[PDB]
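All remarks here apply to the structure that follows.
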Amino acid sequence: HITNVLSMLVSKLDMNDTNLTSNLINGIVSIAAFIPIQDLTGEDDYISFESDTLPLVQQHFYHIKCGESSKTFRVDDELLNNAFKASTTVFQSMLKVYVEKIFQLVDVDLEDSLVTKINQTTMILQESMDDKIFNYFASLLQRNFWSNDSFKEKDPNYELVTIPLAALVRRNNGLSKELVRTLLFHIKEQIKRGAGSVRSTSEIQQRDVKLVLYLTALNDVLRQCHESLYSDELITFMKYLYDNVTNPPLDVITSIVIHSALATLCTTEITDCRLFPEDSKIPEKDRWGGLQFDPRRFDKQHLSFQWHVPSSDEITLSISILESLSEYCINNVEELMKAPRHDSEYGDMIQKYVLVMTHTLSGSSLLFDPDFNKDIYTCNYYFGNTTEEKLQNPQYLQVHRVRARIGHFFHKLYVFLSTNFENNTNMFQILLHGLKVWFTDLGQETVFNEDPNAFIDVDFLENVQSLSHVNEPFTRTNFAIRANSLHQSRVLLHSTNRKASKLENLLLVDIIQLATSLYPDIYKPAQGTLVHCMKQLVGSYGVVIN
Amino acid sequence: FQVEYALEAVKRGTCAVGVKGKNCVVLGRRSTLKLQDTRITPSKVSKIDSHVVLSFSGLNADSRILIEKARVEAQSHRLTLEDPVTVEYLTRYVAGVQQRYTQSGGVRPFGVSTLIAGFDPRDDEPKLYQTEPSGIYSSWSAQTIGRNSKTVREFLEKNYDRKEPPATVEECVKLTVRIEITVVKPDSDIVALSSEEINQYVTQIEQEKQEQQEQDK
Amino acid sequence: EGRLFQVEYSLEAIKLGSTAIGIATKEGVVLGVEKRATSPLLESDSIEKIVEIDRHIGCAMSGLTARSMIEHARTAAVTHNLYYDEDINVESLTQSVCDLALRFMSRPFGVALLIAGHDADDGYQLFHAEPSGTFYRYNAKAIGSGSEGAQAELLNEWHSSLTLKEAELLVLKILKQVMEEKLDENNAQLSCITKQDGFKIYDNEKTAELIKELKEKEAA
Amino acid sequence: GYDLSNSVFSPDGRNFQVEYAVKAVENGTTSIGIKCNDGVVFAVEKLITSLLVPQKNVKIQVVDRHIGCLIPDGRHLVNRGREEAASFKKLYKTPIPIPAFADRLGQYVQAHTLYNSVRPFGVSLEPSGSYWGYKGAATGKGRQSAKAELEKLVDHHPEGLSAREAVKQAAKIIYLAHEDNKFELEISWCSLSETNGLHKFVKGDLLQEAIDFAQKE
Amino acid sequence: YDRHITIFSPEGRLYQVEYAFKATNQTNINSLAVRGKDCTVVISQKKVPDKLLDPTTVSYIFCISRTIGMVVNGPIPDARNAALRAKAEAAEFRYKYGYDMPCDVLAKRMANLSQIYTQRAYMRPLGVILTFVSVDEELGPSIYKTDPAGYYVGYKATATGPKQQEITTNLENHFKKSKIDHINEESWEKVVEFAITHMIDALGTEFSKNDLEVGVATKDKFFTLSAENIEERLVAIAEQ
Amino acid sequence: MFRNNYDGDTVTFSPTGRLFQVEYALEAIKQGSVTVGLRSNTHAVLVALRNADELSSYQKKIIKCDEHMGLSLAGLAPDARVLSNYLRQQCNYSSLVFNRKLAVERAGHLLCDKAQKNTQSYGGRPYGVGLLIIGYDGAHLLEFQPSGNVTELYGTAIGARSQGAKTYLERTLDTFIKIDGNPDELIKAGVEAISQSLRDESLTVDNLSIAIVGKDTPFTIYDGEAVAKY
Amino acid sequence: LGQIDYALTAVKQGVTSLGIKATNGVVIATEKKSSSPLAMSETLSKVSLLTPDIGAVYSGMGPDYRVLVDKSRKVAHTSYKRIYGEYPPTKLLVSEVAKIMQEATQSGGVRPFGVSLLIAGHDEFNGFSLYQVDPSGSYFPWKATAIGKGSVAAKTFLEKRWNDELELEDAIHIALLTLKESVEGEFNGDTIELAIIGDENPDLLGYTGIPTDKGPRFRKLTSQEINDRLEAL
């Protein structure tokens, strides 16, 4: 009865009753978390869903609802034919209906929690599939993405489509290349038709379907992993995008490409969370529960998770990208400050360049050593542990030199803004966010660590598969996501407390001066940044009070 | 509930006592603050007309509306029938107004009880009536509405007798309250006592109690 | 499904108030009501649950006196006398009261009443009018507390050959049974409707004499 | 929540009350209208329950001598249309044109979809007040077979159909529509030739001929 | 309550007028309005899938007055209600002030009525767009558009419907190229040809004489073109 | 269990297009007692069968609307009173303005039109009574339901186990349809019909009421010692 | 929280607009938002003349302001004029508008208006005046104020800039600077709507012959004048 019901729930998704859709999505998640989405029919079975599964299901339902129990319902071995052999061949139509329902729901005003739940549903469905069904679903998703009749409203739910797409790249990064290329092409076309040429800093107008592509790129660039060594093409595209677009709502979105590119190449994270691996030794007859109640779920053979570990080439590419972007932004901002102006374009360009600097800082956070001036939890730090290994690698020193140069340039920009743009507010807010990133990203990432993404939510999946008084009745996906979460915690367990240097003291003084401002739009973010810096630094309270 | 809460609001009001005698009716203030002007004070006993007087218990603001309506109705009856209103007619009118206000939802109809006393014109028979929310009106010879009520009613029952009503008015006025007194007499006579007279009555009561204690103790 | 249960809830007037019993004979209609025991200094004359509609029609009630129905009945009788120079039929007045209840049906209005009267068409008549806008002709009827036992007693006792005095004795006996004894002259009130005298309410002396006669009959 | 009251827009921009009214319309008996050359024919199925007089249960109604048309909702709509036609006749001394009558009916029906204090109509002019011109119209329980037959007739007669044959075609289509269930046929006529442009009921020999033609089919 | 009646939400929103904006697209018809130097052209999609329908009686274009025409996007009952109200208002204005009601004044009156609908709780908004076009005595070729939210404004050109964004983008690019506020074509036939060609390019499909509806407003009057006129215009387009 | 979200008011449609309040009002007829209506070619009769207790009278079921028309009711009495008053007013208007006796079919049309208004107003209630109308002479017989439907039947029965009488009439249609000129035999046929609907209950001169109207016979109501099968 | 707070939120979500009162006039300024180049901005006006000496600007829902302007124009003639033969002073007209908004708030079945109004005016015996009317129905006099989206920064700038010796030209300059510091999109003469209550203009009366009749004090700046002023920033 499962698969049939799994169909009836998918086609029943509504565009008016949001609570009904939430209940249906809960049911779909519960079904998907405990079954493998694969065809279990052998080579030559000549069995079909319509002629085998439906008659038995109808007979059993009539027997039960007539007033009898399942004890008196006697069947034969043909039930096994009516089982998976015939019921596992109806997945493709269900997936197509699900994709069209998602593309319909894209243009529906929904709560954030429901959107996150639907994204988790799609990701669990993807990770419960075998290679054939996964390839079919990826092709179907890309085909619907490139040709659809959605995104008509001014407030669309992009993440309902962008997040699953990157999820595909998480499972098979070989799909990343051409898709990414296509995105780039389409982006240029939207720039060619005149998208982003009208400043609407308040909101986003119905002329920027390009944003869709943008967001997709972000998510895709978030999970390319080693499939990025089209590097030069992507760098040239990023420079073209940053020099051809000037719109603050669009600038904020475009500034995340560099963050995704830098973070994907130097973040230790898991990539495989399938319910059953393709080369699994478990027979394809004890898989319809995920081994939830079987001791083999604890086997190391079954739990051979596939991780991502940065290599020398990825680190070198990240360092080169960081240096090139830092030099480009510094030169552009210096040229702008050579001839100051008072129009909106000048401020917008400055804010865009500063945002690019901030995202370059945040993307390569894991490459920074909090104890550079001068542990137990030794995470996967590329340059090593102790102090002898770190000092023997010139890349470590040059990365820290780049960070120091960025801090000095931030101080210079603050001085220029104070001496020339006192009445301005937005540029000061961008600078405050930049200082916050520069102070709170000394080896860990916290700006986007809490935002929803294309990973399975540990809390959600734990709530799905948790039974009290039972010792972890989980699946391979749950164990993999728990291991990833524990690694992330061990990364976000280091202490960044340190003695403030000259640059840190100067930036703290600047933040203190901004905290005692007259505009409420300025000092409140300045107060928050001051609190964050005081948490980061040691002895800053004395300077603050003095 | 609506009537019960109105009665509870009535129970929080100042005590009021009404007594009827052979040829007179006697109708019976909190502690004024140190900065309160008592020269202009609305007396708790309001005369509806020269032969009928009213004494309220409960919310004062809601009682003002009832008093004004009763006065207007009395003047309208005088203008329409050339005859001044009787006690029972006025009591029935007030009860009908209260009963009408109880309906139509009635978050709080009036939250006040009243005592109507006097004499019918061209007659010398005392009339005392008690009106309460829900439009219920009754007749009494000695009634009390307010904080104590039960204790005062028991005192009246054990003291006032329904076999020989007090012939003189002084004994009717000489009532222990444990103060404002208004006396209604036939031929449309209304007299409001002063502070000195009430103080003299209180001193007489105290001296009588002292004499009784001296005799027996 | 759905149905008008507010009307049924209103019709559950067994606990509405004091018992009222009406007995219709060939010589008159007797209405008897229960008098509440109140303070001795209270003027019990102010309690009147038996009201006169007009000379040939009287009414009795079990609930709170507080009114509109009685005023409407009096106005209808006076209007009929003014418009047709005669007395209105008892059933016509009952229908007028029911129409007043209906117009002012999914919600009840007013309280139950026992209307007694006489006219040259149907002799002496007794009707029970309910807050549902309907009425029933009755040969004796009891409402209020203890109405079921009183109605059973009326079923056992009424025999269509009663007289006015026997009707009064039956009313007093049933009131005493409902109130469980000790009913001399202040726990009951009697009234009669006759063709000659019209509508009258018995004074305390006559009621006391009737109670004495009932006690003598019980002693035998 | 959006479907529990009239005149409430769903998040996608729909009024589910009108859709439920359409569902109620789909439960009714079959009604057919055929537009022939200079005339219109109307056909109605009438289910038989038992003791029922076979001749007087007329469901077809006439407006202003030249227009043909939940039974009580339809009766209410027809009465309002008659009032509007009479108003037009009194104002302009000419019979109301069919488009004007249709527009007034549409406005009246759309009026009952603006306020939650009223219920939309449950008759067939759609319950939403929408209407259009048709070469052939079918409503009721067996509407799809009737629509298919009407499309067949339209394809088979590109140059128009005669009224006399249109009556027989309507009878046959009504019988085919009723064939799904397991009844009486009422036919009404309005043509410039056989009726001089006045709505009429076709009975007698022609009714028998139409019934026989339908039975032979 | 805030989801079913026109009152403010805690976020200061009006979740009954936005639903009317959604309801404006129940049909799948795209409309385009442009203005010439002495004329104004409106083109609308005409879809009659049913073979039993009479195509002559299917239309979303109304003649409010002699010089003012309107095209409505949304359900036809609300469209006809708004058309009747607009005609009554125009007649009343002519009777009262002694001269023809301008297009912008009528649009403002209808917008005020829509605002009244949005502010009163017992009245629901109409899911219509009500694009009015005319050739004004003082202004000239004028197009004014309203919405269920009570907002109205004039346009050099406009497009409505589910696929209005591509038409709007093409119009914006064309007007950026031309650097003028109208189409330089003395004859209204050329303006109709330009509008049809623009709609064909935007929608990426061809039209027959039964798939379009055309309304032209000139100084003399506003009139709707017949099917034969549309066919002749399409032939003239195909000739080049 | 099984809570209905679409049976609150009369201005809400069920998702399948039903009106539950109207159906409940229709079922309210079953509360009332049994009424039987016949029709010959020259005469029409009505037979009606409650008593609160042995000391009470019996409810009236037959109401005269004019000298040639009448009705019987089953269900809520006040609704029947309102409908009968409306029908009397309509008959009076027809007799005064045009000096024309109102037709039974027009009376049924008026009743249907009036009853329709209570199913669409909100804040009110549909009628809760069913009616059987009989008219002058040819003779006519109508059955009115609170939903707003009239039938023009030869005979029918409504309320409180009336199915037996209805089945008896369906069986004896051809027998009773042609008793023209003998009203007494038609009355006896109606009496037998109403007896077919009684669960062993007997008929007396206090529980049975009859109505007759035909050619040369004005509307007449028999009650009391007049329903002794004389 | 109730409907009034939600209307205040809606006002806070609207376009800014400003108001500055000097010794010899009042200046009102706002930005017109139309994210559609096909739409024509001239056909829509955000500053409306109430009387020849009293004008108004708004922040919030546009149609509500459009209806309220007509209501205020009608009440300026029905209530005060046609009785005393002259236009009402600013205080009385502001009181009438506040009464209209209060009646809207208190009436059953009607939601409150979602606009906040800045009303500038001049009258004899009172000079120049500037007032703010909230959706609730309460009005407050101001020396310099702002509403809408970027109202906090605008208020801070006005507090740092306003003084007692400010003149009309200085007020216009400060208003232009405040608008420039918070312009959402494009800062030119076609996107700025500015009006001034100042000296009477005899050239706008339309006729000559009556010495006592003076020209209106309300004057709405044209696009060319605004561009010329912006060239001086």
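Each chain in the structure tokens gets a letter, A, B, ..., in the order shown, and its residues are numbered from 1; ligands are numbered from 1 in order too.
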
Selection near residue 473 (chain A), 9 Å with only C-alpha atoms, sequence-local residues under 3 positions removed, as a list in words: residues 291, 292, 293, 294, 297, 465, 466, 467 and 470 of chain A

Could you take the residues named above and write them with C-alpha atoms, as an mmCIF file, in the first residue's frame?
```
data_model
loop_
_atom_site.group_PDB
_atom_site.id
_atom_site.type_symbol
_atom_site.label_atom_id
_atom_site.label_comp_id
_atom_site.auth_asym_id
_atom_site.auth_seq_id
_atom_site.Cartn_x
_atom_site.Cartn_y
_atom_site.Cartn_z
ATOM 1 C CA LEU A 291 17.990 -1.130 8.276
ATOM 2 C CA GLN A 292 16.396 0.895 11.074
ATOM 3 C CA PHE A 293 15.931 -2.157 13.330
ATOM 4 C CA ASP A 294 18.904 -4.193 12.086
ATOM 5 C CA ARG A 297 23.195 -0.366 10.283
ATOM 6 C CA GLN A 465 13.430 9.050 12.937
ATOM 7 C CA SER A 466 13.495 9.361 16.750
ATOM 8 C CA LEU A 467 11.812 6.867 19.074
ATOM 9 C CA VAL A 470 15.263 2.907 21.398
#
```

Within 10 Å of chain A: residues of chain E, using only C-alpha atoms, as a ChimeraX atom specification: /E:22,162-166,168-170,172-173

Output for the residues just chosen: N, CA and C atoms as a JSON list (two decimals), in the first residue's frame:
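Generated output (result.json):
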```json
[["chain", "number", "residue", "atom", "x", "y", "z"],
["E", 22, "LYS", "N", -4.52, 38.21, -8.25],
["E", 22, "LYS", "CA", -4.40, 36.84, -8.74],
["E", 22, "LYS", "C", -5.59, 36.46, -9.61],
["E", 162, "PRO", "N", -1.05, 37.22, -18.14],
["E", 162, "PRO", "CA", -0.02, 36.36, -17.55],
["E", 162, "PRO", "C", 1.35, 36.53, -18.18],
["E", 163, "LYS", "N", 1.42, 36.85, -19.47],
["E", 163, "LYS", "CA", 2.68, 36.99, -20.19],
["E", 163, "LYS", "C", 3.01, 38.45, -20.48],
["E", 164, "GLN", "N", 2.56, 39.36, -19.62],
["E", 164, "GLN", "CA", 2.74, 40.79, -19.87],
["E", 164, "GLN", "C", 4.18, 41.25, -19.71],
["E", 165, "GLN", "N", 5.02, 40.47, -19.02],
["E", 165, "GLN", "CA", 6.37, 40.94, -18.73],
["E", 165, "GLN", "C", 7.23, 41.02, -19.99],
["E", 166, "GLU", "N", 7.14, 40.02, -20.87],
["E", 166, "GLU", "CA", 7.92, 40.06, -22.10],
["E", 166, "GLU", "C", 7.46, 41.19, -23.01],
["E", 168, "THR", "N", 6.07, 43.97, -22.02],
["E", 168, "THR", "CA", 6.53, 45.20, -21.39],
["E", 168, "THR", "C", 8.01, 45.44, -21.65],
["E", 169, "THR", "N", 8.82, 44.39, -21.56],
["E", 169, "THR", "CA", 10.25, 44.54, -21.82],
["E", 169, "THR", "C", 10.51, 44.95, -23.27],
["E", 170, "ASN", "N", 9.80, 44.34, -24.22],
["E", 170, "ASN", "CA", 9.97, 44.71, -25.62],
["E", 170, "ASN", "C", 9.54, 46.16, -25.85],
["E", 172, "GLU", "N", 9.60, 48.58, -23.62],
["E", 172, "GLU", "CA", 10.60, 49.44, -23.01],
["E", 172, "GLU", "C", 11.83, 49.56, -23.90],
["E", 173, "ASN", "N", 12.29, 48.45, -24.48],
["E", 173, "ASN", "CA", 13.43, 48.51, -25.39],
["E", 173, "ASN", "C", 13.11, 49.35, -26.62]]
```

Distance in Å - CA of residue 175 (chain F) versus CA of residue 30 (chain F): 28.1 Å

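Taking CA of residue 121 (chain C) and CA of residue 139 (chain C) as endpoints, the distance between them is 16.9 Å.
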
Non-local contacts of residue 233 (chain E) (9 Å; only C-alpha atoms; under 5 positions in same chain excluded) as a PyMOL selection string: chain E and resi 189-190+192-193+196+228+238

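CA of residue 58 (chain C) sits 27.9 Å away from CA of residue 128 (chain B).
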
Residue neighbourhood residue 232 (chain G), 12 Å, only C-alpha atoms, exclusion window fewer than 6 positions, as a PyMOL selection string: chain G and resi 169+172-173+176-177+225-226

Residue list (alpha helix (DSSP H), DSSP) for region 210-368 of chain A, as a PyMOL selection string: chain A and resi 210-222+231-244+248-254+256-266+312-338+344-363

Spatial neighbours of region 78-80 of chain D, max dist 8 Å, only C-alpha atoms, sep filter under 3 positions, as a PyMOL selection string: chain D and resi 61+63+69+74-75+83-84

Residues of chain D within 9 Å of chain F, counting only C-alpha atoms, as a PyMOL selection string: chain D and resi 3-6+16-27+50-54+56-57+70-73+75-76+116-122

Selected residues written out with N, CA and C atoms, as an mmCIF file, in the first residue's frame:
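So the final result, stored in part_32.cif, reads:
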```
data_model
loop_
_atom_site.group_PDB
_atom_site.id
_atom_site.type_symbol
_atom_site.label_atom_id
_atom_site.label_comp_id
_atom_site.auth_asym_id
_atom_site.auth_seq_id
_atom_site.Cartn_x
_atom_site.Cartn_y
_atom_site.Cartn_z
ATOM 1 N N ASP D 3 -13.571 28.807 1.622
ATOM 2 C CA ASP D 3 -14.747 28.230 0.986
ATOM 3 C C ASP D 3 -15.977 28.232 1.884
ATOM 4 N N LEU D 4 -15.865 28.731 3.113
ATOM 5 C CA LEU D 4 -16.965 28.685 4.066
ATOM 6 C C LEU D 4 -17.924 29.860 3.944
ATOM 7 N N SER D 5 -17.613 30.856 3.118
ATOM 8 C CA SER D 5 -18.480 32.015 2.979
ATOM 9 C C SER D 5 -18.375 32.564 1.565
ATOM 10 N N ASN D 6 -19.473 33.153 1.100
ATOM 11 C CA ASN D 6 -19.528 33.734 -0.231
ATOM 12 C C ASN D 6 -18.733 35.038 -0.279
ATOM 13 N N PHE D 16 -14.844 29.776 -4.133
ATOM 14 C CA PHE D 16 -15.259 28.379 -4.088
ATOM 15 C C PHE D 16 -16.755 28.217 -3.863
ATOM 16 N N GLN D 17 -17.433 29.245 -3.349
ATOM 17 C CA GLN D 17 -18.882 29.170 -3.202
ATOM 18 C C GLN D 17 -19.568 29.076 -4.560
ATOM 19 N N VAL D 18 -19.094 29.848 -5.540
ATOM 20 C CA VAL D 18 -19.650 29.765 -6.887
ATOM 21 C C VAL D 18 -19.335 28.413 -7.514
ATOM 22 N N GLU D 19 -18.150 27.867 -7.236
ATOM 23 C CA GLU D 19 -17.809 26.545 -7.754
ATOM 24 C C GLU D 19 -18.710 25.467 -7.160
ATOM 25 N N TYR D 20 -19.026 25.573 -5.868
ATOM 26 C CA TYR D 20 -19.968 24.634 -5.268
ATOM 27 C C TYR D 20 -21.370 24.819 -5.835
ATOM 28 N N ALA D 21 -21.751 26.060 -6.148
ATOM 29 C CA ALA D 21 -23.024 26.291 -6.824
ATOM 30 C C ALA D 21 -23.044 25.628 -8.197
ATOM 31 N N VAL D 22 -21.924 25.689 -8.919
ATOM 32 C CA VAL D 22 -21.816 25.007 -10.207
ATOM 33 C C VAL D 22 -21.931 23.498 -10.023
ATOM 34 N N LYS D 23 -21.324 22.970 -8.958
ATOM 35 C CA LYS D 23 -21.477 21.550 -8.648
ATOM 36 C C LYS D 23 -22.939 21.195 -8.409
ATOM 37 N N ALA D 24 -23.671 22.068 -7.716
ATOM 38 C CA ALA D 24 -25.103 21.850 -7.518
ATOM 39 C C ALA D 24 -25.861 21.901 -8.840
ATOM 40 N N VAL D 25 -25.461 22.807 -9.736
ATOM 41 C CA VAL D 25 -26.086 22.893 -11.056
ATOM 42 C C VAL D 25 -25.875 21.598 -11.828
ATOM 43 N N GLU D 26 -24.677 21.022 -11.723
ATOM 44 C CA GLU D 26 -24.349 19.797 -12.442
ATOM 45 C C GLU D 26 -25.182 18.604 -11.989
ATOM 46 N N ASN D 27 -25.881 18.711 -10.863
ATOM 47 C CA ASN D 27 -26.729 17.642 -10.357
ATOM 48 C C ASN D 27 -28.164 17.734 -10.865
ATOM 49 N N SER D 50 -43.879 9.162 -9.199
ATOM 50 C CA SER D 50 -44.898 8.142 -8.987
ATOM 51 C C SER D 50 -46.022 8.272 -10.009
ATOM 52 N N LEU D 51 -49.099 8.524 -9.185
ATOM 53 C CA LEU D 51 -49.913 9.489 -8.455
ATOM 54 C C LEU D 51 -49.649 10.913 -8.931
ATOM 55 N N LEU D 52 -48.744 11.058 -9.893
ATOM 56 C CA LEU D 52 -48.387 12.357 -10.447
ATOM 57 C C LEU D 52 -49.155 12.587 -11.742
ATOM 58 N N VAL D 53 -49.766 13.761 -11.865
ATOM 59 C CA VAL D 53 -50.524 14.114 -13.063
ATOM 60 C C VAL D 53 -49.541 14.285 -14.215
ATOM 61 N N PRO D 54 -49.697 13.531 -15.307
ATOM 62 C CA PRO D 54 -48.658 13.510 -16.349
ATOM 63 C C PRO D 54 -48.571 14.779 -17.180
ATOM 64 N N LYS D 56 -49.513 18.391 -16.129
ATOM 65 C CA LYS D 56 -49.350 19.723 -15.546
ATOM 66 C C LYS D 56 -48.239 19.695 -14.501
ATOM 67 N N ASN D 57 -46.996 19.784 -14.973
ATOM 68 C CA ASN D 57 -45.830 20.081 -14.143
ATOM 69 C C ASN D 57 -44.852 20.957 -14.913
ATOM 70 N N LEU D 70 -32.012 23.482 -8.799
ATOM 71 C CA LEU D 70 -32.815 24.269 -7.871
ATOM 72 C C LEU D 70 -33.883 25.063 -8.614
ATOM 73 N N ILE D 71 -35.061 24.455 -8.765
ATOM 74 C CA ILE D 71 -36.148 25.104 -9.504
ATOM 75 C C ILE D 71 -36.528 26.461 -8.918
ATOM 76 N N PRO D 72 -36.713 26.619 -7.599
ATOM 77 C CA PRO D 72 -37.125 27.939 -7.085
ATOM 78 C C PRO D 72 -36.141 29.061 -7.379
ATOM 79 N N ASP D 73 -34.835 28.782 -7.413
ATOM 80 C CA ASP D 73 -33.879 29.817 -7.799
ATOM 81 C C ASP D 73 -34.106 30.261 -9.240
ATOM 82 N N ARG D 75 -36.967 30.108 -10.784
ATOM 83 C CA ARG D 75 -38.214 30.867 -10.767
ATOM 84 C C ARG D 75 -37.982 32.302 -10.309
ATOM 85 N N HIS D 76 -37.160 32.483 -9.275
ATOM 86 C CA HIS D 76 -36.823 33.823 -8.805
ATOM 87 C C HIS D 76 -36.120 34.623 -9.895
ATOM 88 N N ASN D 116 -21.101 38.533 1.319
ATOM 89 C CA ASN D 116 -21.188 37.277 2.054
ATOM 90 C C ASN D 116 -22.540 37.083 2.725
ATOM 91 N N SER D 117 -23.403 38.098 2.713
ATOM 92 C CA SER D 117 -24.714 38.011 3.339
ATOM 93 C C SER D 117 -25.742 37.283 2.481
ATOM 94 N N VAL D 118 -25.392 36.897 1.254
ATOM 95 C CA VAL D 118 -26.318 36.229 0.352
ATOM 96 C C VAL D 118 -25.633 35.002 -0.238
ATOM 97 N N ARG D 119 -26.458 34.072 -0.746
ATOM 98 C CA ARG D 119 -26.011 32.819 -1.345
ATOM 99 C C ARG D 119 -26.093 32.902 -2.860
ATOM 100 N N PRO D 120 -25.071 32.453 -3.587
ATOM 101 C CA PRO D 120 -25.133 32.489 -5.052
ATOM 102 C C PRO D 120 -26.201 31.550 -5.590
ATOM 103 N N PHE D 121 -26.676 31.871 -6.791
ATOM 104 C CA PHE D 121 -27.705 31.065 -7.430
ATOM 105 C C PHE D 121 -27.162 29.693 -7.817
ATOM 106 N N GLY D 122 -28.042 28.698 -7.776
ATOM 107 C CA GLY D 122 -27.676 27.342 -8.133
ATOM 108 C C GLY D 122 -28.411 26.829 -9.354
#
```

Report as CSV the residues of chain A within 9 Å of chain G, each with its shortest atom pair and distance in Å (one decimal), using only C-alpha atoms, ordered by chain and increasing residue number.
```
residue,atom,partner,partner_atom,distance
A:198,CA,G:185,CA,7.7
A:199,CA,G:185,CA,5.1
A:200,CA,G:185,CA,5.2
A:201,CA,G:184,CA,5.6
A:202,CA,G:184,CA,6.0
A:205,CA,G:35,CA,7.2
A:343,CA,G:187,CA,8.5
A:344,CA,G:186,CA,7.9
A:423,CA,G:181,CA,7.7
A:424,CA,G:181,CA,6.8
A:425,CA,G:153,CA,8.2
A:518,CA,G:156,CA,7.2
A:519,CA,G:153,CA,6.0
A:520,CA,G:152,CA,7.2
A:521,CA,G:153,CA,7.0
```

Counting only C-alpha atoms, chain C residues within 8 Å of chain F, as a PyMOL selection string: chain C and resi 1-3+102+105-106+133-134+136-140+155

Emit the selected residues as a short mmCIF file (atom, residue, chain, number, x, y, z; two decimals), in the first residue's frame, including N, CA and C atoms.
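As a result, again07.cif now contains:
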```cif
data_model
loop_
_atom_site.label_atom_id
_atom_site.label_comp_id
_atom_site.auth_asym_id
_atom_site.auth_seq_id
_atom_site.Cartn_x
_atom_site.Cartn_y
_atom_site.Cartn_z
N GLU C 1 -27.79 16.22 12.53
CA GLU C 1 -28.53 17.24 11.80
C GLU C 1 -28.68 18.51 12.63
N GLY C 2 -29.75 19.25 12.40
CA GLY C 2 -30.02 20.46 13.15
C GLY C 2 -31.49 20.60 13.44
N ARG C 3 -31.79 21.20 14.59
CA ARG C 3 -33.17 21.41 15.02
C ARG C 3 -33.19 22.53 16.05
N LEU C 102 -44.80 35.27 18.91
CA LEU C 102 -44.14 34.86 17.67
C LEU C 102 -43.48 36.04 16.97
N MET C 105 -40.34 31.51 13.82
CA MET C 105 -39.77 31.90 15.11
C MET C 105 -38.82 30.84 15.65
N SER C 106 -37.56 31.22 15.82
CA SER C 106 -36.53 30.31 16.31
C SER C 106 -36.08 30.62 17.73
N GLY C 133 -45.08 30.43 21.18
CA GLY C 133 -46.10 30.99 20.32
C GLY C 133 -47.26 30.07 20.05
N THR C 134 -47.46 29.04 20.87
CA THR C 134 -48.54 28.09 20.71
C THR C 134 -49.30 27.95 22.02
N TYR C 136 -52.60 25.33 24.12
CA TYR C 136 -53.38 24.11 24.19
C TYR C 136 -54.60 24.33 25.08
N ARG C 137 -55.76 23.89 24.62
CA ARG C 137 -56.93 23.85 25.48
C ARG C 137 -56.77 22.73 26.50
N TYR C 138 -57.12 23.01 27.75
CA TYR C 138 -56.93 22.05 28.83
C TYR C 138 -58.16 21.99 29.72
N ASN C 139 -58.42 20.79 30.23
CA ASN C 139 -59.37 20.57 31.33
C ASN C 139 -58.52 20.36 32.58
N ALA C 140 -58.17 21.48 33.23
CA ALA C 140 -57.24 21.54 34.36
C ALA C 140 -55.81 21.32 33.89
N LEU C 155 -55.23 14.35 36.37
CA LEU C 155 -55.73 13.27 35.51
C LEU C 155 -56.58 12.29 36.31
#
```
